[PDB]
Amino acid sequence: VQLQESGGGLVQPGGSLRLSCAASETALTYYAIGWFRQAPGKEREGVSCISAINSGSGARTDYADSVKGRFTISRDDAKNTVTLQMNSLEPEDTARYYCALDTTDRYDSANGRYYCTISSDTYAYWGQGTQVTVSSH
């Protein structure tokens, strides 16, 4: 079992890509889902996460500071997909991007809502990932 990432590609600084994370057998609706990326020679890092949907108020999301304001994560439970819209790409966004399921039930009963974390500890089912390259040459 592995999710399947797609939507990667080569763009110039300032460009956009839309990553998609698809599952073929798992109902994604039950899970927080996270996007991570791994640049050559560096450690994998969390980019964005989205919680299971909270009725009335919608899913909660989080982002690495480096990508806040430029990337938007969203989910479509009917199509069983999670999307990462990446705008204003910069060279330092170059990496292989992976999506994964949080295997922890991420519910906060004190606040009455599902949440998500960008920490990779409890994530699993990493796909083969999708390459994103941002450069001038």
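A residue's number is simply how far along the shown sequence it sits, counting from 1.
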- Task: Can you let me know which of the two, 54-62 or 101-109, has the higher average C-alpha B-factor in the entry?
- Result: 54-62
- Which wins on mean Cα temperature factor, 40-48 or 72-80? 40-48
- Place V1 in the lowest, middle or highest third of its chain's C-alpha B-factors, as listed in the PDB entry. highest
- Quick tally, chain-level thirds of C-alpha B-factors: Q128 sits in the middle
- Query: Thinking about Cα B factors across the chain, which third does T117 belong to?
  - Reply: highest
- Message: Quick check on the deposited entry: does the C-alpha B-factor of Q12 sit in the lowest, middle or highest third of its chain?
- Response: middle
